[PDB]
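To keep things clear, I will list the structure first and then write my remarks on it.
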Amino acid sequence: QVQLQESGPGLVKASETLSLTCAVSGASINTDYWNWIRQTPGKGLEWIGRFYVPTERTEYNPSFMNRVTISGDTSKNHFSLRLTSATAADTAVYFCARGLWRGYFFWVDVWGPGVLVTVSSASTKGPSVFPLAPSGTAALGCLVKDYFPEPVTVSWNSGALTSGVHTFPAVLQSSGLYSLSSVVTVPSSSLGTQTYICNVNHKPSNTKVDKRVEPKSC
Amino acid sequence: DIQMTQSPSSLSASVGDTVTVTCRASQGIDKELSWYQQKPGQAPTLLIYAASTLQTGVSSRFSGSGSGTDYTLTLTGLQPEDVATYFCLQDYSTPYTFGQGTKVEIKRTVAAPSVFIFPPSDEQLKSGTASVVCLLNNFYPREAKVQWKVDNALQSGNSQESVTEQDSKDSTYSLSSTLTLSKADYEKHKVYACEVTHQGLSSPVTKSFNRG
Ligand code: NA
Ligand code: NA
Ligand code: NA
Ligand code: NA
Ligand code: NA
Ligand code: NA
């Protein structure tokens, strides 16, 4: 079970430094290579640099000039990325990924889930969570409104409810804040008996919001 | 630097079809290229490296070939699960560079949306704003029209739409339309309706609630 996990998403103020960490499990960073890659819709995937721990040798994409450095911690099985003088152009999903090097060939066999980092001159704000009350199948959801920056994670009943869940892409409001909805379709039989709570997690703000959704009454 | 040109940027295919994605390198890269699958909302996973060596554990339906500058990823027996974006990566020379990716979509039988409307929360209405949501669930094709009507008068300008990526199971889409108003203007009217037009519906479906 080789697994990789980047630091939690967050906000980076303009001109300050972007810092991330990848926690590696199932493999030692004392072998093979360790990369940071970022992804944007318009720019696609961008390789940032690779890192070899035993010799502490580092190879960076020149396009980042000398804003970037990659280091490790061999007893904690962590490696990190730092990117100074952060700018709006650095907003992206950052991936940590292992790279294997056999002969002349190099490829990325294990990627992390990726973490969104938003560069902004504004401040974090937690979401307001409102219910989408229902009414043989019914639909209900949560309205995660007015939060900054992206993203928010949404579960239902602490992960117990999975089938039929749709968490829509966030929308940018004239507010400058993001808003999305998460819906789930359940048997109409279970509305009065079963309880439905959406677990919203806004890691950029370290704000968790839990909201129950019931049919409005008289 | 090496420039990777990938084509097509997007394609649509039916279940069981064979799809081919191409990446063209700015110069010979002597088979130092790998391919990756990235399902919606997930991170990329390895498929092939060294241009044609299949990663152990990945289905044999994926195949890679190429020499010099031109490289191909071929995907046979297309299944709904294969909906994803596929990228190339050249490891010939640093900086490593990626193709722009090919978005692979699935063609399926027409499926009609299940429509639902949600009135504003009483909680939010206390704060002074009202959000009405209309949900179009599991439909295909992606094309759809949603028009808001308050007191059965067409409304425009105060709504924003959001659509999910194609479902990996049934290859369907879902859509949300959010009409947001001040509480004052929300209370100026009584009937709030969501008229939905779509291929799979005999006639436009209208779902409404009355305020009170
Ligand atoms: Na190589
Ligand atoms: Na964003
Ligand atoms: Na919304
Ligand atoms: Na060149
Ligand atoms: Na297409
Ligand atoms: Na309510």
Side-chain angles (χ1 to χ4, degrees), chain A residues 32-35 37 47 49-50 52 57 59 61-63 97-109 128-135 138-145 181-183 191-192 195-198 200 209-215, chain B residues 1-6 23-36 46 48-53 55 64 66-71 87-99 116-133 178 180-181 183 186-187 192 209-212:
Chain A
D32 302 327
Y33 294 75
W34 305 92
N35 312 261
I37 298 148
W47 176 79
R50 70 143 176 270
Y52 191 57
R57 264 281 50 89
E59 180 73 6
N61 188 334
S63 90
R98 179 171 75 172
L100 318 177
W101 198 337
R102 309 288 117 89
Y104 292 147
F105 302 101
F106 175 101
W107 65 93
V108 185
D109 71 329
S128 297
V129 184
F130 305 114
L132 299 165
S135 303
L140 54 99
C142 275
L143 174 65
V144 193
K145 184 152 145 55
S181 314
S182 179
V183 301
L191 281 43
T195 325
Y196 296 107
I197 307 162
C198 70
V200 179
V209 177
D210 293 278
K211 195 72 151 94
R212 91 196 293 118
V213 188
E214 264 154 15
Chain B
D1 277 23
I2 303 283
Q3 292 72 252
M4 303 303 307
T5 311
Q6 186 167 344
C23 269
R24 189 159 205 178
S26 70
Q27 59 182 282
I29 55 167
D30 292 324
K31 315 209 300 164
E32 299 183 30
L33 182 151
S34 55
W35 295 94
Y36 300 86
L46 174 66
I48 284 156
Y49 54 92
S52 69
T53 299
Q55 171 66 348
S67 34
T69 61
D70 296 355
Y71 298 84
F87 301 89
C88 57
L89 169 66
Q90 67 88 11
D91 54 286
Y92 185 69
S93 64
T94 49
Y96 306 132
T97 48
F98 289 88
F116 311 85
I117 189 163
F118 300 106
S121 74
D122 278 286
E123 191 186 330
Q124 183 203 189
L125 270 157
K126 303 163 201 153
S127 320
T129 54
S131 286
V132 189
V133 175
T178 296
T180 37
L181 301 181
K183 175 161 121 150
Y186 178 64
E187 292 173 346
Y192 287 83
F209 73 88
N210 312 358
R211 187 181 58 79

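In what follows, every heavy atom counts, from backbone to side chain, and hydrogens, waters and symmetry copies are set aside. Residue numbers start from 1 in every chain, and the chains themselves are labelled A, B, ... in the order their sequence lines are given, proteins ahead of strands. When a ligand or atom number is given, it counts from 1 through the structure's own listing order.
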Under 3.0 Å from the Na ion (ligand 1), protein N/O/S atom count? 4
Ignoring waters, protein N/O/S atoms under 3.0 Å from the Na ion (ligand 4) are B/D1 O
Is it the case that the side chain of [X] and the backbone of [Y] share a donor-acceptor pair, with hydrogens and angles ignored and the cut-off at 3.5 Å?
X      : Y      : value
B/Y71  : B/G68  : yes
B/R211 : B/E187 : yes
A/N35  : A/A97  : yes

Any chance the side chains of B/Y96 and A/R50 put a donor and an acceptor closer than 3.5 Å?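 Their side chains do contain a donor-acceptor pair, which is all the 3.5 Å distance test asks for.
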Could you tell me if B/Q124 and B/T129 have a donor-acceptor pair between their side chains, going purely by distance under 3.5 Å? yes
For B/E123, side-chain hydrogen bond (donor to acceptor under 3.5 Å, both in side chains) partners two or more places apart: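 Partners of B/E123 under the side-chain hydrogen bond (donor to acceptor under 3.5 Å, both in side chains) test: A/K211.
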Mind checking what makes side-chain hydrogen bond (donor to acceptor under 3.5 Å, both in side chains) contact with A/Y52, not counting sequence neighbours?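 By the side-chain hydrogen bond (donor to acceptor under 3.5 Å, both in side chains) rule, A/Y52 matches no residue at all.
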Side-chain heavy atoms of B/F116 within contact of A/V183, under 4.5 Å: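 Counting from C-beta outward, B/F116 and A/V183 never come under 4.5 Å.
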Contact between A/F106 and B/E32 at the side-chain level, heavy atoms closer than 4.5 Å - yes or no?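 Heavy-atom side-chain distance check fails, nothing below 4.5 Å.
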